[PDB]
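Everything below concerns the one structure shown next.
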Amino acid sequence: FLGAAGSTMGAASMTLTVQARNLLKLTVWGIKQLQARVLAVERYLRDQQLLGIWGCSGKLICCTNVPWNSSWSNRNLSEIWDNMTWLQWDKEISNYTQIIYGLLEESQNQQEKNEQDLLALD
Amino acid sequence: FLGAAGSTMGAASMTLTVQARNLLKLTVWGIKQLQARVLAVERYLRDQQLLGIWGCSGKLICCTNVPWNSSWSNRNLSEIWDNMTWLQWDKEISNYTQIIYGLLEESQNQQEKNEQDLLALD
Amino acid sequence: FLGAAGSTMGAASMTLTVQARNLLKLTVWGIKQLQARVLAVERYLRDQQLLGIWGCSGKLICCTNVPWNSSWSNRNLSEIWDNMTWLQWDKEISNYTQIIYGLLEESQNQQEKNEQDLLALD
Amino acid sequence: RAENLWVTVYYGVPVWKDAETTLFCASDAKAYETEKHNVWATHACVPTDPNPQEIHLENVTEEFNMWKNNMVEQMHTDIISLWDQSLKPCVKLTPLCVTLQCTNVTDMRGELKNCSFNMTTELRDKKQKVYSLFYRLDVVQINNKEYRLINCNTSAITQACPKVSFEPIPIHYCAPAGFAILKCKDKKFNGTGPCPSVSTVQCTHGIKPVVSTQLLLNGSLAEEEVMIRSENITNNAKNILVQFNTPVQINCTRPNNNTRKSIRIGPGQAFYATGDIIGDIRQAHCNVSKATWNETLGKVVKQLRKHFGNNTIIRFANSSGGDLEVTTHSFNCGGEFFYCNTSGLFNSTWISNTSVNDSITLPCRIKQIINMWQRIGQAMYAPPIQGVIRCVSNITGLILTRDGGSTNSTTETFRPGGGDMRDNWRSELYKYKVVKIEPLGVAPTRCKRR
Amino acid sequence: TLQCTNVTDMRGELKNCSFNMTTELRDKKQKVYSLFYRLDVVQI
Amino acid sequence: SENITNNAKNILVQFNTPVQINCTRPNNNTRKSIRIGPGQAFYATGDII
Ligand SMILES: *[C@@H]1O[C@H](CO)[C@@H](O[C@@H]2O[C@H](CO)[C@@H](O[C@@H]3O[C@H](CO[C@H]4O[C@H](CO[C@H]5O[C@H](CO)[C@@H](O)[C@H](O)[C@@H]5O)[C@@H](O)[C@H](O[C@H]5O[C@H](CO)[C@@H](O)[C@H](O)[C@@H]5O)[C@@H]4O)[C@@H](O)[C@H](O[C@H]4O[C@H](CO)[C@@H](O)[C@H](O)[C@@H]4O[C@H]4O[C@H](CO)[C@@H](O)[C@H](O)[C@@H]4O[C@H]4O[C@H](CO)[C@@H](O)[C@H](O)[C@@H]4O)[C@@H]3O)[C@H](O)[C@H]2NC(C)=O)[C@H](O)[C@H]1NC(C)=O
Ligand SMILES: *[C@@H]1O[C@H](CO)[C@@H](O[C@@H]2O[C@H](CO)[C@@H](O[C@@H]3O[C@H](CO[C@H]4O[C@H](CO[C@H]5O[C@H](CO)[C@@H](O)[C@H](O)[C@@H]5O)[C@@H](O)[C@H](O[C@H]5O[C@H](CO)[C@@H](O)[C@H](O)[C@@H]5O)[C@@H]4O)[C@@H](O)[C@H](O[C@H]4O[C@H](CO)[C@@H](O)[C@H](O)[C@@H]4O[C@H]4O[C@H](CO)[C@@H](O)[C@H](O)[C@@H]4O[C@H]4O[C@H](CO)[C@@H](O)[C@H](O)[C@@H]4O)[C@@H]3O)[C@H](O)[C@H]2NC(C)=O)[C@H](O)[C@H]1NC(C)=O
Ligand SMILES: *[C@@H]1O[C@H](CO)[C@@H](O[C@@H]2O[C@H](CO)[C@@H](O[C@@H]3O[C@H](CO[C@H]4O[C@H](CO)[C@@H](O)[C@H](O)[C@@H]4O)[C@@H](O)[C@H](O[C@H]4O[C@H](CO)[C@@H](O)[C@H](O)[C@@H]4O[C@H]4O[C@H](CO)[C@@H](O)[C@H](O)[C@@H]4O[C@H]4O[C@H](CO)[C@@H](O)[C@H](O)[C@@H]4O)[C@@H]3O)[C@H](O)[C@H]2NC(C)=O)[C@H](O)[C@H]1NC(C)=O
Ligand SMILES: *[C@@H]1O[C@H](CO)[C@@H](O[C@@H]2O[C@H](CO)[C@@H](O[C@@H]3O[C@H](CO)[C@@H](O)[C@H](O[C@H]4O[C@H](CO)[C@@H](O)[C@H](O)[C@@H]4O[C@H]4O[C@H](CO)[C@@H](O)[C@H](O)[C@@H]4O)[C@@H]3O)[C@H](O)[C@H]2NC(C)=O)[C@H](O)[C@H]1NC(C)=O
Ligand SMILES: *[C@@H]1O[C@H](CO)[C@@H](O[C@@H]2O[C@H](CO)[C@@H](O[C@@H]3O[C@H](CO)[C@@H](O)[C@H](O)[C@@H]3O)[C@H](O)[C@H]2NC(C)=O)[C@H](O)[C@H]1NC(C)=O
Ligand SMILES: *[C@@H]1O[C@H](CO)[C@@H](O[C@@H]2O[C@H](CO)[C@@H](O[C@@H]3O[C@H](CO)[C@@H](O)[C@H](O)[C@@H]3O)[C@H](O)[C@H]2NC(C)=O)[C@H](O)[C@H]1NC(C)=O
Ligand SMILES: *[C@@H]1O[C@H](CO)[C@@H](O[C@@H]2O[C@H](CO)[C@@H](O)[C@H](O)[C@H]2NC(C)=O)[C@H](O)[C@H]1NC(C)=O
Ligand SMILES: *[C@@H]1O[C@H](CO)[C@@H](O[C@@H]2O[C@H](CO)[C@@H](O)[C@H](O)[C@H]2NC(C)=O)[C@H](O)[C@H]1NC(C)=O
Ligand SMILES: *[C@@H]1O[C@H](CO)[C@@H](O[C@@H]2O[C@H](CO)[C@@H](O)[C@H](O)[C@H]2NC(C)=O)[C@H](O)[C@H]1NC(C)=O
Ligand SMILES: *[C@@H]1O[C@H](CO)[C@@H](O[C@@H]2O[C@H](CO)[C@@H](O)[C@H](O)[C@H]2NC(C)=O)[C@H](O)[C@H]1NC(C)=O
Ligand SMILES: *[C@@H]1O[C@H](CO)[C@@H](O)[C@H](O)[C@H]1NC(C)=O
Ligand SMILES: *[C@@H]1O[C@H](CO)[C@@H](O)[C@H](O)[C@H]1NC(C)=O
Ligand SMILES: *[C@@H]1O[C@H](CO)[C@@H](O)[C@H](O)[C@H]1NC(C)=O
Ligand SMILES: *[C@@H]1O[C@H](CO)[C@@H](O)[C@H](O)[C@H]1NC(C)=O
Ligand SMILES: *[C@@H]1O[C@H](CO)[C@@H](O)[C@H](O)[C@H]1NC(C)=O
Ligand SMILES: *[C@@H]1O[C@H](CO)[C@@H](O)[C@H](O)[C@H]1NC(C)=O
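Each protein sequence line maps, in turn, to chains A, B, C, D, E and F. The first sequence runs 522 to 543, 565 to 664 under the deposited numbering. The second sequence runs 522 to 543, 565 to 664 under the deposited numbering. The third sequence runs 522 to 543, 565 to 664 under the deposited numbering. The fourth sequence runs 30 to 135, 141, 150 to 185, 188 to 309, 312 to 321, 321A, 322 to 401, 411 to 504 under the deposited numbering. The fifth sequence runs 128 to 135, 141, 150 to 184 under the deposited numbering. The sixth sequence runs 274 to 309, 312 to 321, 321A, 322 to 323 under the deposited numbering.
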């Protein structure tokens, strides 16, 4: 549970699974114990819809056909996983994050499924 | 966003992706801004459950082993995608819609997964 | 709808699909017709999250790479499906149920997806 | 076996069906900075998207009916439900039914009554001898001159909080996920028939819930020619809604400079009594410029002849009779409720294209205790306002009725309508209707599956 | 306070009661009578 | 019965044929509908006719 947040990204891939999951008749305080958990399931499905519409369709790790641009954190591979940490990593990509998101839904699952439909005809 | 509703079904397949997605302590009006969005997530999951139990298991476009019956809108293929529109299309299928739904859940994912289990043994 | 609960597990696999699915401004009784259906969708998603994180990612039937331990209900195959019923079956596995659950999420989708990522590189 | 295609599921196909859902409000997220302790609707009211989206649907024709529109009914019940939620936390005036000893104010036949009465203090022992000032419309005598509250025999009464204001603020109606709102972009639309150019929006335009009678105030202007709308036109039982081209300047003031007593009926509660009037001794009045009202009339009277025939005599006249809400122009300015005599404006007789000074005026009456929407069991007391109230609004439309006496082939006379407030909301909602989107669709294609 | 009396047989099960009551106005009371069953009232 | 031999527990009975029962109020009454306002009205029991 978050244990590798201080550790490197390379070590942080092992514990990845633990992070996935951890009368009621009252007039008042019933809305206080409700409003919190309702936005929680709203925030939950918000992430999951993105996971489906992208090239994942499944949880944990999944890959895609989107090529990694050099202009996006030009780096050494061992300088990423072995020498660097996630909080420190998300910091630089902060500018290109919205750009990458577009490539997954548009360039892939929009253009991939249609590509698949054309490859499924023959 | 709905832009091809007037256009033909053939042109309407390109913009398909855009259609997928667009204090709180009050005693009153809090139920007015709540009841609307709760049935929304109920209506949302109602469509998604159908997508899973059918031969899709994924969003946007997906195919199936259900053969198209001639008795269901007997047509020319170019008379469908190239010459016709979706509102105009759903109009005729209105009678066979409930019939087709049965073929996806029953004839496929009920008979397919079991077929798959028997093909996965060897 | 539950019709095979008295029947053997072997006969119970045919009807499996039927089991999957069956003003609002009031100050009171509105919470009575609400609290019931909200925990329902909470209980619903509780089962579905388990289905994804395991080796299923789909509904109805799905298989896994987890080997069946002899110590867990050591039996004859025809003594299970042909001669025995589900209520009677879940009774014995009651002790090993929590053990099996661990093998699906840990031994598989944690170790499988990573295994897959390494097999997807080459 | 027999070829060729196979069924395939498409998600998000452009298919919708006419339906009804529960709509919420939107305040533009500025109304919240306007503060003044929850003005009108907006409290937790949803902030409007800074960039509303309007998508024009090409090659589309959709049929609209504004009288069958369901958005009107929700808004009508909303304002009503909104009204009660405002009066619940406020101070209830229940022990104001005490006998009222009244006398004639020091001109214009004593419209105001100076009333002396006994009242309960913070303590439950001694009463309180105090006087107040009520309009003739708020009291009724019972048999010196002895009076009583006018609402006491009919129902109960509660005072509106001085903190909140009745100031109408723009409210955008939006639809939840899976639904859509259609907008008619044609310049000339009467609310019925097919619409050539249709666009969709998440939120309707800025709509100010201005409650008024015989005059649409602060509304939306029409395009080009002025518009004429009626549910059933040849039927004289149905009101005729009019939409103006150019807005009409109207002034309504309270030429009485007043003071608040703020008497203490504790513990903790304080009532705001109307003190003495310091200023012009006058009755409330409403101004309309003679040139501007006439020009509109001339343009409007020509539009009625697109139905009632090229040549005919159209005469205008004031209200026939009924409740005060029906017979006068009713609205709210500065918190006070004016009832204006529109009889001066509606006195005219027109020729085929024409009709046979620098200003005009309209006598207005003030009533603090009101039951609108025919509500029984709840009467609201409008609290007094310090100083003189002055307000300027646009007159954007009317509520009109046609006489039943016919002589149909001779001449026709029109009079100001009233009653239903849905027509007021139908004035802004004519171009919108609610549909639910049906995303799921099936189409035949060759891909099959492995 | 309820001032009651015996109804005009079967030992007077019903009581005719006179009492003071508050009107719409908070000034004058109201002298009115009602009819209650013996089970709804108790003497003091 | 919950506990039959126990005399402290009630015994519930279910009939075969329904039993016709008539209960009437052989007093033809009137409503005073006195006014205890503002807005409230109490319904008093008038004389029995
Ligand atoms: C919106 O508002 C508008 C207006 O603001 C509303 O419009 C109103 O709509 C109603 C309809 O609900 C109209 O009433 C109907 O009128 C028709 C037509 O009447 C006119 O024409 C008749 C014939 O004219 C032709 O013949 C003469 C002779 O040759 C010729 O000179 C002429 O040029 C033309 O060629 C006239 O007879 C009639 O006059 C009579 O009625 C006048 C109006 O009351 C009256 O002033 C006259 O003095 C005279 O008495 C008039 O000029 C009527 O046909 C119709 O009558 C049906 O309905 C009534 C109930 O209202 C019912 O009692 C009748 O029996 C009749 O029902 C018959 O027809 C039905 C449909 O076919 C059928 O189902 C019935 O079973 C029944 O038929 C039975 O009997 C016949 C024999 O009687 C038999 O053969 C059949 O087999 C069967 O057994 C209505 O009265 C209004 O006129 C109209 N308003 C105005 C101002 O015009 C609109 O409704 C509103 N809508 C909404 C949604 O809000
Ligand atoms: C639903 O409702 C029903 C009824 O409506 C309820 O039913 C009631 O249930 C209770 C149980 O909670 C009954 O009370 C118990 O009764 C038993 C049996 O008593 C009868 O039989 C005894 C022996 O009979 C045999 O021997 C004779 C001689 O040979 C022979 O002739 C005969 O035919 C038969 O073969 C009699 O001794 C006894 O008579 C005595 O009691 C009568 C009732 O009070 C009284 O009228 C007599 O005058 C006489 O005094 C009777 O006929 C009792 O054995 C049992 O006693 C236990 O519980 C009490 C507390 O109530 C406790 O004080 C006792 O010490 C005793 O507990 C011993 O046994 C426990 C279980 O083994 C053990 O754990 C204890 O540690 C303790 O044992 C210790 O002491 C012994 C030596 O004393 C020692 O050897 C051990 O090692 C250990 O140290 C209860 O009194 C009711 O009778 C019954 N109702 C009726 C009407 O019968 C039911 O409860 C309800 N249920 C629900 C869910 O609602
Ligand atoms: C249809 O739409 C139209 C247009 O949208 C609506 O017209 C609106 O009417 C509103 C009133 O209902 C009006 O609100 C007014 O805004 C004025 C301008 O505010 C701006 O300027 C001031 C500086 O002057 C800034 O500080 C402020 O932040 C704003 O930027 C205010 O001046 C108005 O306040 C005065 O009027 C209201 C009643 O209208 C009084 O209740 C209020 O108390 C004020 O009256 C005092 O002040 C004036 C001088 O300013 C004196 O002449 C007067 O006698 C009062 O003085 C006594 O009373 C005060 C306490 O009340 C006391 O301190 C003082 O010492 C004296 O004793 C008011 O806030 C909108 O501006 C106006 N719209 C537009 C565009 O102008 C119309 O209502 C709509 N129709 C319907 C049916 O709703
Ligand atoms: C409802 O009320 C509203 C608001 O009161 C009314 O709308 C206003 O109407 C008035 C008059 O119709 C109008 O006032 C004029 O506005 C002009 C600008 O648009 C001003 O320039 C003009 O001021 C001159 O005249 C005044 C009176 O004669 C002088 O006191 C003033 O100093 C001005 O004189 C100067 O200019 C001349 C040259 O023109 C120069 O020689 C002089 O030296 C001096 O410099 C008027 O005040 C308002 O503008 C209107 N307001 C709005 C918002 O439109 C409406 O008419 C009322 N309706 C009814 C039915 O009564
Ligand atoms: C009612 O509407 C009519 C228009 O239908 C108004 O008539 C207007 O009257 C003024 C004069 O008071 C006209 O101005 C005149 O202009 C001419 C041409 O520049 C000039 O020669 C004159 O000396 C005078 O300035 C005005 O043109 C005329 N309107 C039209 C459209 O011609 C009438 O004013 C309105 N009612 C009232 C209150 O006057
Ligand atoms: C309907 O409107 C018309 C038009 O305003 C009203 O006519 C007006 O009648 C008054 C009389 O009460 C006229 O006053 C007169 O003015 C003339 C000219 O100064 C003077 O000679 C007279 O002695 C008298 O003072 C007024 O001028 C006249 N309006 C016009 C424009 O001429 C009519 O009264 C209205 N009808 C009703 C029922 O309200
Ligand atoms: C009455 O109508 C006038 C004119 O249509 C409104 O004033 C306009 O306000 C808009 C706001 O963006 C400006 O762009 C226009 O320039 C104004 N008109 C003129 C002639 O300058 C006025 O706001 C309307 N009344 C109310 C209460 O809003
Ligand atoms: C309304 O009537 C009251 C009396 O009931 C007036 O108050 C009196 O005003 C005179 C001034 O002429 C004082 O001498 C008295 O002491 C006042 N009496 C009370 C009880 O206040 C009041 O002035 C009248 N209306 C107004 C203010 O003009
Ligand atoms: C509204 O305006 C009309 C028109 O001025 C008023 O009608 C007057 O009524 C009085 C009687 O109350 C008559 O003596 C006058 O002759 C009428 N005037 C005209 C021009 O005919 C009317 O009184 C006004 N207000 C109300 C409440 O009716
Ligand atoms: C119950 O008692 C009341 C009096 O407290 C009766 O009302 C009186 O009836 C007589 C008729 O004999 C009238 O003359 C009186 O004027 C009535 N007085 C009042 C205050 O109503 C009443 O009749 C008795 N019960 C009934 C109705 O039988
Ligand atoms: C890249 O990583 C290798 C590790 O094998 C290291 O030797 C090399 O110096 C690195 N170069 C840069 C530019 O980071
Ligand atoms: C601990 O984290 C810091 C920053 O996240 C990083 O620089 C450092 O290398 C990490 N230590 C180890 C032993 O990985
Ligand atoms: C079917 O489509 C073809 C298009 O190549 C057209 O030539 C033919 O006439 C069509 N036939 C029918 C029966 O629609
Ligand atoms: C196992 O099942 C077979 C059925 O073919 C049966 O003949 C055999 O006796 C069974 N053995 C045991 C140990 O259950
Ligand atoms: C019915 O169920 C019982 C227990 O669930 C089982 O022992 C029995 O074999 C079943 N009957 C049939 C015919 O399968
Ligand atoms: C526009 O839509 C109509 C009906 O939906 C259709 O008949 C027509 O062919 C469409 N126009 C084009 C250019 O596709």
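For each residue, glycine too, the CB sits at the ideal point set by N, CA and C.
Handout entry: Distance cut-off 7 Å: E:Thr163 Cβ against heavy atoms of ligand 2
Key = No, the Cβ of E:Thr163 stays beyond 7 Å of every heavy atom of ligand 2.
Practice task
Check the Cβ of B:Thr538 against every Cβ in chain A and list those closer than 9 Å, keeping chain order.
Solution key: The contacting residues are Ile595, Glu647, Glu648, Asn651, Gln652.
Exercise for the section: Taking D:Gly441 as part of the beta strand (DSSP E), name the residues at either end of that continuous run. Expected result: Its beta strand (DSSP E) spans residues 441-456.
Problem - Chain-ordered neighbours of B:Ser599 on chain C, where CB pairs are closer than 9 Å - result: For B:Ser599, the residues of chain C that pass the 9 Å Cβ criterion are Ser599, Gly600, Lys601, in the order they occur in the chain.
Handout entry: CA-to-CA distance, B:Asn543 to D:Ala221, given in whole angstroms
Key = In this model, D:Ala221 and B:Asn543 are separated by some 8 Å (Cα to Cα).
Practice task
Locate the beta strand (DSSP E) running through E:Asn156, then write down its first and last residues.
Solution key: Per DSSP, E:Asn156 belongs to the beta strand (DSSP E) from 154-162.
Handout entry: Strand pairing of C:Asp624, partner residues [DSSP]
Key = Its beta-bridge partners do not exist; DSSP assigns none.
Practice task
At 8 Å on the CB atoms, spell out the chain A contacts of B:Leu566, in chain order.
Solution key: The answer, in chain order, is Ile573, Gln577.
Exercise for the section: Assign D:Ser460 to one of two classes, buried (16 or more other C-beta atoms within 10 Å of its C-beta) or exposed (fewer than that). Expected result: Around the Cβ of D:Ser460, a 10 Å sphere holds fewer than 16 other Cβ atoms; the residue is exposed.
Exercise for the section: Please report how far the alpha carbon of A:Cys604 lies from the alpha carbon of C:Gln653, in whole angstroms. Expected result: Here the alpha carbon of A:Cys604 sits roughly 13 Å from the alpha carbon of C:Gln653.
Problem - Option in D:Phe317, D:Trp427, D:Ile414 with minimal Cα separation from D:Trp338 - result: Nearest of D:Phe317, D:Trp427, D:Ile414 to D:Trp338, Cα basis: D:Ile414.
Practice task
State yes or no: is the beta carbon of D:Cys205 nearer than 8 Å to at least one beta carbon in chain A?
Solution key: Look at D:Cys205: its C-beta is not under 8 Å from any C-beta on chain A.
Practice task
Say yes only if the C-beta of A:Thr536 is nearer than 7 Å to one or more non-hydrogen atoms of ligand 12, and no if none qualify.
Solution key: Incorrect: A:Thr536 has no Cβ contact closer than 7 Å to ligand 12.
Problem - Residues surrounding ligand 15 [beta-carbon distance to nearest heavy atom under 5 Å] - result: For ligand 15, the selected residues are C:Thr529, C:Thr627.
Practice task
Would you mind telling me which residues of chain A sit closer than 7 Å to D:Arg500, beta carbon to beta carbon, in chain order?
Solution key: Under the 7 Å cutoff, chain A gives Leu663.
Practice task
Please confirm if the stretch 256-263 of chain D is in contact with the stretch 359-379 of chain D, defined as three or more CB-CB distances below 8 Å between the two stretches.
Solution key: Touching, yes.
Problem - Pair within 8 Å by beta-carbon distance, D:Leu349 and D:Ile424 - result: No. Outside cutoff.
Practice task
Enumerate in chain order the residues of its own chain whose CB-to-CB distance from D:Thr499 is below 8 Å, with the five nearest sequence positions on each side excluded.
Solution key: Cβ neighbours of D:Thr499 within its own chain (closer than 8 Å, five residues either side excluded): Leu34, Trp35, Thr37.
Handout entry: Chain-order list of residues whose beta-carbon lies under 8 Å from that of A:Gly524 (same chain, five-residue window excluded)
Key = Apart from the 5 residues on each side of it in sequence, A:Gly524 sits with its Cβ closer than 8 Å to the Cβ of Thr536, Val539 in its chain, given in chain order.
Exercise for the section: Answer with yes or no whether the minimum CB distance from C:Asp624 to chain A is below 8 Å. Expected result: Not an interface residue.
Problem - Chain-ordered chain B contacts of C:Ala582 [CB-CB under 7 Å] - result: Those within 7 Å of C:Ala582 in chain B number zero; the least Cβ separation is about 10 Å.
Exercise for the section: Return yes when at least one heavy atom of ligand 16 lies under 7 Å from the C-beta of B:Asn618, else no. Expected result: Proximity of the beta carbon of B:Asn618 to ligand 16 is not indicated: no heavy atom of the ligand is located closer than 7 Å.
Exercise for the section: Report yes or no: is there a C-beta of chain D within less than 8 Å of the C-beta of E:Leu175? Expected result: Output row for E:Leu175: interface = no.
Problem - Rounded Cβ spacing between D:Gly324 and D:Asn355 (contact assumed at less than 8 Å) - result: Their Cβ separation, rounded to whole angstroms, is 52 Å, which puts D:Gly324 and D:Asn355 out of contact at 8 Å.
Exercise for the section: Give a yes or no on whether the minimum CB-CB distance between A:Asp659 and chain B is below 8 Å. Expected result: Output row for A:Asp659: interface = yes.
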